[PDB]
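Participant: So I pulled this structure from the PDB, and the sequence comes with it:
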Amino acid sequence: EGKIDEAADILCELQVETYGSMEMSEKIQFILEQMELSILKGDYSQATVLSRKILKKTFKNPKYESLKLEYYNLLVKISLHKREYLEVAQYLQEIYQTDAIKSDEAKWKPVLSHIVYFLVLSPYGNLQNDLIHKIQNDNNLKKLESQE
Amino acid sequence: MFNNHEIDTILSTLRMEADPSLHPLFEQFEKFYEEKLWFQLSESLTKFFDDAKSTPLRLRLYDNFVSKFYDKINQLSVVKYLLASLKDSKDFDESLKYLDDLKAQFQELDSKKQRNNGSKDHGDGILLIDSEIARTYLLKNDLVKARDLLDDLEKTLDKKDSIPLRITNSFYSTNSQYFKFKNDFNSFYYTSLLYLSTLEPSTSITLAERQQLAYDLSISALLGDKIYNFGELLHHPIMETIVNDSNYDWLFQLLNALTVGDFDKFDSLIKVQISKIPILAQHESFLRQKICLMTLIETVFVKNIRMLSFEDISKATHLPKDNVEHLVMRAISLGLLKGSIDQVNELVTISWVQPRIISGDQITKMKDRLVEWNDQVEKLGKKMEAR
């Protein structure tokens, strides 16, 4: 119907009223949808503050797959408005090891094509120095070798 | 002939009264197969002098001995030449029966022990499985699936230990063709170095391996760069004992070509066959520029001179000074010189970390300067003996 600004304010403090500390799984779908409302609204800094208390606690729990494959997809869209290529490389980290353990190389290789492509966009780093030599990037596409 | 039956009878009779492993119907079949002196199969110590002939498809009868087999030679000696004689067979079905169907925990972890190995003396073929998977699929799969076979291998190499270093030969033989299918041979050169050091022990000390190894060492050292250029050719002259021509004679001229650095000697080095690779055009200027630099580094260093200029460097390589500045930097990243070349001053600053082995011309003056010049400190320190 064309309502935007009033959409994010409905799901903001309503998810806390139901389960504050109780059930995070039911809270997952609300934070993800509200962060998408800020993307369509055009404010990248809004959705950044909306996700705080969840933190990395999902990583301290057994891997649920597609959960971790969602947050990092919407966090890159936030950095798209800011055009910051440093934070995008950090959001591609946990999913880099996820598709290399659980999933196969079908979806692992095309994501890596943009992982090392964004590393040239930053003045190296403490973590990027260990991102130089990789065992699995020496095969398949030659452009992956060219970027390596 | 009868050498199979006569020799096996002596060693078996002195141990067993009747042959435990050989079935009385199979006893006459031992000398019944071929007309030659040595057949395609044997047992105990007689098997040590026996090897593959043409197509040893009779190994199934040798595998048929299980129950009473260990009463002559230990039960773990079955897989010794089983997969060694089939190396030239090149069959997928016969390989899966001796690798996947062999599995593990058969009889060996119950009433006996396990030394792994299995291709010498007596050992279990479980370690032999992971070693021969990369060789069977070497000519089958491509550079994609070839990496997964190395993961279950390299990790197994660090998980378990083996006294003979021959297990790396099968590891280096797989990486030899794995690197040959690629472009850059730098990794192929380092692979053949540790492969030659493992040639001294058993498992084919014959000169048939040096024929195919000389072809690998010629191409690896040509497009590869590790230590010097031709310096590793005179350390192990194994090529002088095999065919001189047919790509083996290129190292003959390359020995004296890099010391000279004349373009006329390069025509006899590279030919139409090797010129179809674009990698050769890149390393053609890499070999000459480095060997001319190694001489200048030995020339620039006498006493107080650590610094070169753009004169002798550009005239020796016959290249414009603009590219030479950035062409040495490709060799600088290899760990040769840490210096920083200037521009306006036209002076090459050299920080020399290079080991530069093959000494003995310097040691006459070099070692004496560590004594006589050090004796000056001893003479001046005798006046400090007051307290």
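Facilitator: Right, received. Where do you want to start? Numbers count the residues shown, from 1 in each chain, chains lettered A, B, ... in the order given.

Participant: Give the buried residues for stretch B:179-191.
Facilitator: Buried residues in stretch B:179-191, counted by 16 or more other CB atoms under 10 Å in any protein chain shown: B:179, B:185-186, B:188-191. Where you see a C-beta, it was placed from the backbone N, CA and C, and this is true even at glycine.

Participant: List, one by one, the residues from chain B near chain A.
Facilitator: B:143-144, B:146-147 (CB under 8 Å from any CB of the partner chain).

Participant: repeat that for 10 Å
Facilitator: Residues of chain B lying close to chain A by CB under 10 Å from any CB of the partner chain are B:142-148, B:150-151, B:154, B:182-184, B:187.

Participant: For those, could you give me TSV that also reports distance to residue B:263 and secondary structure?
Facilitator: Formatted as TSV, the residues of chain B next to chain A follow (distance: CB to CB, whole Å; DSSP: H, G, I helix; E, B strand; the rest coil):
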residue	distance to residue B:263	secondary structure
B:142	39	coil
B:143	36	coil
B:144	41	coil
B:145	44	helix
B:146	39	helix
B:147	41	helix
B:148	46	helix
B:150	41	helix
B:151	46	helix
B:154	43	helix
B:182	29	coil
B:183	25	coil
B:184	25	coil
B:187	30	helix
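
Participant: Give me the buried subset of the residues you listed.
Facilitator: Buried among the residues of chain B next to chain A by 16+ other CB under 10 Å: B:146, B:150.

Participant: Contacts only, for residue B:87.
Facilitator: B:52, B:81, B:132, B:135-136 (CB atoms under 10 Å, 6 or more residues apart in numbering or on different chains).

Participant: buried ones in the lengthiest helix in chain A?
Facilitator: For chain A, the helix reaching the highest residue count under DSSP state H is reported as helix A:25-41. Of the residues in helix A:25-41, A:27-28, A:30-32, A:34-35, A:37-39 count as buried by neighbour count, 16+ other CB under 10 Å.

Participant: so how far is residue B:164 from residue B:120?
Facilitator: Going from residue B:120 to residue B:164 by CB to CB, to the nearest Å gives 7 Å.

Participant: So which residue is smack in the middle of chain A?
Facilitator: Nearest to the mean C-alpha position of chain A, by CA atoms, centre = their mean, lies residue A:72 at 1.0 Å.

Participant: I'd like to know how far the closest residue to that one other than its chain neighbours sits from residue A:76.
Facilitator: Counting by CB to CB, 6 or more residues apart in numbering or on different chains, residue A:72 lies nearest to residue A:91, which is 4.2 Å off, once chain neighbours are set aside. Relative to residue A:76, residue A:91 is positioned 6 Å away (CB to CB).

Participant: And the residue lying closest to residue B:76 once chain neighbours are set aside, which helix or strand is it part of?
Facilitator: Counting by CB to CB, 6+ apart, residue B:76 lies nearest to residue B:122, which is 3.5 Å off, once chain neighbours are set aside. Using DSSP states H and E, residue B:122 falls within no helix or strand.

Participant: count of residues packed around residue B:122?
Facilitator: 17 (other CB atoms under 10 Å in any protein chain shown).

Participant: And it, its phi and psi?
Facilitator: phi -130, psi 120 (degrees, to the nearest 10).

Participant: didn't it look like it was pressed against residue B:72?
Facilitator: No. In this structure residue B:122 lies outside contact range of residue B:72 using CB atoms under 10 Å: 11.5 Å.

Participant: In chain B, where's the longest helix?
Facilitator: Chain B, longest helix under DSSP H: helix B:278-300.

Participant: roughly how far apart are the residue lying closest to residue B:338 once chain neighbours are set aside and residue B:337?
Facilitator: Using CB to CB, 6+ apart and skipping the chain neighbours, the partner closest in space to residue B:338 is residue B:351 (3.6 Å). As for residue B:351, its distance to residue B:337 is 6 Å (criterion: CB to CB).

Participant: ok, those two, which is more surrounded?
Facilitator: residue B:337 (21 against 10).

Participant: Excluding chain neighbours, what is closest to that one?
Facilitator: Residue B:337 sits nearest to residue B:350 (CB to CB, 6+ apart), 5.4 Å away.

Participant: ok, back up a step: ok, now which ones touch the residue nearest to residue B:338?
Facilitator: Per CB under 10 Å, 6+ apart, neighbours of residue B:351: B:306, B:332, B:337-340.

Participant: Which one of those is nearest to residue B:280?
Facilitator: The nearest member of these to residue B:280, counting by CB to CB, is residue B:332 at 22.5 Å.

Participant: I'd like to know how many residues surround that closest one.
Facilitator: Neighbours of residue B:332 using other CB under 10 Å come to 16.

Participant: helices and strands around the longest helix of chain A, which ones?
Facilitator: Using 3 or more CB pairs under 10 Å, 6 or more residues apart in numbering or on different chains; DSSP states H and E, the elements in contact with helix A:25-41 are helix A:5-8, helix A:14-18, helix A:44-50, helix A:68-82.

Participant: can you pick the most crowded of the contacts of residue B:87?
Facilitator: Counting by other CB under 10 Å, top hit in the contacts of residue B:87: residue B:81 with 23 neighbours.

Participant: Is that one part of a helix or strand, or is it coil?
Facilitator: Here residue B:81 is recorded as coil under DSSP: H, G, I helix; E, B strand; the rest coil.

Participant: Quick check: the gap between it and residue B:91.
Facilitator: 16 Å.

Participant: Return the distance of the closest residue to residue B:349 other than its chain neighbours relative to residue B:278.
Facilitator: Once flanking residues are discounted, residue B:349 sits nearest to residue B:339: 4.3 Å by CB to CB, 6+ apart. Residue B:339 sits 31 Å away from residue B:278, going by CB to CB.

Participant: ok, those two, which is more surrounded?
Facilitator: Between residue B:339 and residue B:278, counting by other CB under 10 Å, residue B:339 is the more crowded of the two (17 against 8).

Participant: That one - that's part of a helix, no?
Facilitator: No. Residue B:339 sits outside any helix when classified using three-state DSSP, being coil.

Participant: Report the contact partners of it.
Facilitator: B:306-308, B:328, B:332, B:348-353.

Participant: Got a PyMOL select line for the buried ones in those?
Facilitator: Burial among the contacts of residue B:339 is assessed by 16+ other CB under 10 Å; the matching PyMOL selection reads:
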select buried, chain B and resi 308+328+332+348+350
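
Participant: what ranges do the strands span in chain B?
Facilitator: Along chain B, counting by DSSP state E, strands occupy B:308-309, B:347-348.

Participant: Chain neighbours aside, what residue packs nearest to residue A:102?
Facilitator: Closest to residue A:102 by CB to CB, 6+ apart is residue A:65, at 6.1 Å.

Participant: Isn't residue B:129 up against residue B:117?
Facilitator: No. Using CB under 10 Å, residue B:129 is not in contact with residue B:117, being 11.9 Å away.

Participant: In terms of neighbours, single out the busier of the two.
Facilitator: residue B:117 (24 against 20).

Participant: what sits against the residue nearest to the more buried one when sequence neighbours are not counted?
Facilitator: Leaving aside its sequence neighbours, residue B:117 sits nearest to residue B:123 (CB to CB, 6+ apart; 3.4 Å). Each residue near residue B:123 by CB under 10 Å, 6+ apart is listed here: B:74, B:76-77, B:79-80, B:108, B:114-117, B:162.
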